[PDB]
Amino acid sequence: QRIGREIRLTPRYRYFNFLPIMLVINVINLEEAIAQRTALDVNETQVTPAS
Amino acid sequence: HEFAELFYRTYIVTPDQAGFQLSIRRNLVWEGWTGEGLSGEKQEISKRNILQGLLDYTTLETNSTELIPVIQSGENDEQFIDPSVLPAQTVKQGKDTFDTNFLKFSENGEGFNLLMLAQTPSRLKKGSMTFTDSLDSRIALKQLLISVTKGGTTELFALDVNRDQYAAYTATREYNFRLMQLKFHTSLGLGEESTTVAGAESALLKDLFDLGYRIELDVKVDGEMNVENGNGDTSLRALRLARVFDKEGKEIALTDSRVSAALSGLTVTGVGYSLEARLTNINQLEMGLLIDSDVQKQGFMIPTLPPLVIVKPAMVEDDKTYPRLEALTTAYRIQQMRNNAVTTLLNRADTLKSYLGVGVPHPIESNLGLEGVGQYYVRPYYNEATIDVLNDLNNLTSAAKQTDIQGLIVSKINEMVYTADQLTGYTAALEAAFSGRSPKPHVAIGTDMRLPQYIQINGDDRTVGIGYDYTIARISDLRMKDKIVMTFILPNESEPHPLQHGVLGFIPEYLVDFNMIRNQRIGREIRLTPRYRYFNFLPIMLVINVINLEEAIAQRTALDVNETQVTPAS
């Protein structure tokens, strides 16, 4: 016994998957990388005696 | 002067008003307090802005029809397993809060009356069973609850069986013309990361898992269900471990020593299942997003400011000790146009700092203390950063130091612009506010007189980045030392508007000239009383602090090897 107007939409749709090939990459630390300087990874080779 | 104009849009107010008003429209999505005609009986709750859904993906999600079995405390426990195997699971459906479980497999006995079973507390208010209620063209298995025992320890596994091709009820001939049949005959596999009821990689197949092996169970499940009364049955026919795959899809015999020793004592037995059932409600009973809109109130006022005065003997005019009006006009102009703009900008920065914190956004309409109708269209956001030029500059030769510094600063400022654009959702706000015309963000650049040569283009391929329009503002003030202030503005607009950063409420005023008697002396006076006030709406601004530019240029620094370690002890 409350009287009003109604508007309705009852959708019919669905998502299906066919191709089983898909790749994802996570990207991280971009803003630290652009904020801080990075300079070289040099491999000191032991002409100072260690080998 | 550029600076006041760029950050605070000037506006002329006819002296017949004490300010100006803005009436705003806000479309809303929410549920409860149902209807407006004879509203209430579910009471008022928080509105949600529809634009929030353009960036959030939960406020607009609802289910209002799914038939989830509900445990009545009477005889209803018959169709569910004993709660000593799996406790009830509490789920939300509409406004109802209740309990569900997994139905028990029935071979030859009673069926289950879904319509009798699917009564939620909302329906009980309406008067129980409705004759037009019918089951949708889809009924599919949600989950299969199996028991895996190894040596005596029982572990339950909830297998997500939905979205599977073979797990759909199919229409069939014979018996009636409203019969749906489920013929589920396939092999399901448990991986080496097979999760139990919640988390973990199990503990009875771990020896199988580490070796790199997944098990596969062959299963044939058959059932029938009627879409006219909700009667039906379902029973398991076959359930056993058959095949074990290697790191490839090549069958591994179950007689080899490792797997045979590992698989000893394994038994698999099913106890339950779950169905997703929809009710094509033909006479309709459902309620959904109640779309409403509210109008909001806010008022602006204009104060009075103390005046400037001139004194001179009132017997002859002098241009020597008192110059012409131009000097008084200049004092008024500087006072109103530069110092106050800087004060308002810095106070706005400080208040935004205190209110919001650093590097954290806020949900739409969650900061009621800020000034401005602007927060109706975007999230509030604040940020701060420092650049130590000497410590984080890379050079290769001394001849490129200026270009290096320019590149560093422009990269940092540009990246700050991108992250602000991502978090505040500003562009969507522009698209919503103006239909058909899509403006691109314009960045406000407020900086002192030492930096701009290092920001203007001499190298690089950008000033603030590609896709932005920039205006550089330079002032002689001392407080803006070592500071750059970024903000988004609108240059094609000429009215108060919430996306606008700030407005300069301006009323023209003039002077008075007369003779005044103050302790028995006579001198004509010139008085100018200005009337204005600055207001800010848009709650987004970026400020970057620049320090130590002197030492970096003065003292050489370049590169600085992050060596890599083939040394003792590592």
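Every residue, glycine as well, gets a Cβ built from its backbone with ideal geometry; the counts of neighbours run over all protein chains shown. Derivation of every value follows stated rules applied to the coordinates shown; laboratory data play no part.
Of the two radii for region B:186-227, the radius of gyration is 1.18 times the Kirkwood radius, both from the alpha carbons; that is the Rg over Rh value.
Residues whose amide H lies under 5 Å from that of B:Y273, counting only those 5 or more places away or on a different chain, are B:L103, B:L145; hydrogens are built 1.01 Å from N in the peptide plane.
Helix B:401-424 against the longest principal axis of chain B: what's the angle in degrees, Cα atoms only, rounded to the nearest 10? So the helix axis and the longest Cα principal axis differ by about 60 degrees. Here the spin labels are modelled as points 7 Å beyond Cα on the Cα-Cβ line, and at B:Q402 and B:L38 they lie 8.1 nm apart.
Which values of log₁₀ I(q)/I(0), to two decimal places, follow from the Debye formula for region B:201-352 at q = 0.13, 0.16 Å⁻¹ with a uniform point scatterer at every Cα? Each listed q maps to, in turn, -0.93, -1.10.
Taking the centroid of alpha carbons for each part, chain A and region B:144-209 are 30 Å apart.
Across peptide B:562-570, the mean count of Cβ atoms from other chains lying within 10 Å of each residue's own Cβ comes to 4. Backbone amide hydrogens, once placed in the peptide plane, bring B:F488 within less than 5 Å of B:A444, excluding anything fewer than 5 places away on its chain.
Cross-link partners for B:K353 among the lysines, with Cα-Cα distance under 22 Å and sequence neighbours closer than 8 places in the same chain left out: B:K412, B:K481, B:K483. Rounded to the nearest whole Hz, the Karplus-based 3J(HN,Hα) values (6.51 cos²θ - 1.76 cosθ + 1.60, θ = phi - 60°) of region B:145-156 follow the sequence 9, 10, 10, 10, 10, 9, x, x, 8, 9, 10, 9, with x at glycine and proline.
Straightening the chain between B:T186 and B:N545 buys 122.8 nm, computed as 0.36 nm per residue apart minus the Cα-Cα spacing. Remark: for residue pairs B:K42/B:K104; B:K142/B:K183; B:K104/B:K125; B:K47/B:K440, the C-alpha separation exceeds 26 Å in B:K42/B:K104; B:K104/B:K125; B:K47/B:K440.
What is the sum of charges around B:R240, taking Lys and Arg as +1, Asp and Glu as -1, for the other residues whose C-beta is under 14 Å from the C-beta of B:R240? Charge balance near B:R240 sits at +1. Scoring B:8-14, B:174-180, B:69-75 by mean Cβ neighbours within 10 Å over their residues and listing the highest first yields B:8-14, B:69-75, B:174-180. Ordering B:417-423, A:23-29 by mean Cβ neighbour count within 10 Å, with the highest value first, yields B:417-423, A:23-29.
Residues in region B:240-249 carry Karplus couplings, in order, of 6, 6, 10, 10, 10, 8, 8, 4, 10, x Hz; the curve used is 6.51 cos²θ - 1.76 cosθ + 1.60 with θ = phi - 60°, and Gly or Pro positions show x. Just so you know, the averaged projected area of the alpha carbon convex hull for region B:423-555 sits at 14.6 nm². Using alpha-carbon positions, what is the distance between the centroids of region B:372-409 and region B:60-79, in Å? Taking the Cα centre of each part, region B:372-409 and region B:60-79 sit 56 Å apart.
In order along region A:10-21, the phi-based Karplus estimate (6.51 cos²θ - 1.76 cosθ + 1.60, θ = phi - 60°) of 3J(HN,Hα) comes to 10, x, 10, 7, 7, 10, 10, 10, 10, 7, x, 9 Hz; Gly and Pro are listed as x.
In nm², what is the average projected area of the convex hull enclosing the Cα atoms of the protein assembly as shown?
50.3 nm²
What's the whole-number percent of alpha carbon pairs in region B:288-400 lying beyond 16 angstrom? When all Cα pairs of region B:288-400 are counted, 79 percent exceed 16 Å.
Which whole number gives the average count of other chain Cβ atoms within 10 Å of the Cβ atoms across peptide B:410-419?
Mean number of neighbouring Cβ atoms from other chains: 2.
In the calculated pair-distance distribution of chain A, the portion above 13 angstrom amounts to 84 percent of the Cα-Cα pairs.
Length gained on full extension, B:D560 to B:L285, computed as 0.36 nm times the residue gap minus the Cα-Cα distance: 91.9 nm. Taking amide H as placed 1.01 Å from N in the peptide plane, B:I24 has its amide H under 5 Å from the amide H of B:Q296, each at least 5 places away in sequence or on another chain. Ordering B:405-413, B:290-298 by mean Cβ neighbour count within 10 Å, with the highest value first, yields B:405-413, B:290-298.
Between B:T62 and B:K92, what length comes free when the chain is fully extended (0.36 nm per residue of separation minus the Cα-Cα distance, one decimal in nm)?
Full extension from B:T62 to B:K92 adds 9.8 nm.
Mean per-residue shielding of peptide B:28-37 is 1, counting Cβ atoms of other chains within 10 Å of each Cβ. With N counted as the residues of region B:60-214, its alpha-carbon radius of gyration over 2.2 N^0.38 Å works out to 1.24.
Give the angle, between 0 and 90 degrees and rounded to the nearest 10, that separates the Cα long axis of helix B:325-334 from the longest principal axis of the Cα atoms of chain B. Its long axis makes an angle of about 20 degrees.
FRET efficiency for the A:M22 to B:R450 pair, using the beta carbon distance and R₀ = 56 Å, is estimated at 0.60. The distance between label points at B:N519 and B:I457 comes to 6.5 nm (points 7 Å beyond Cα on the Cα→Cβ vector). In whole Å, how far is the Cα centre of region B:494-570 from that of region B:288-302? If you average the Cα positions of each part, the centres end up 32 Å apart.
Looking at region B:1-122, what % of the alpha carbon pairs are farther apart than 27 Å?
53 percent
I'd like the orientation of helix B:340-356 relative to chain B: the angle between its Cα long axis and the longest Cα principal axis, in ° from 0 to 90, rounded to 10. With both axes taken from Cα atoms, the answer is about 20 degrees.
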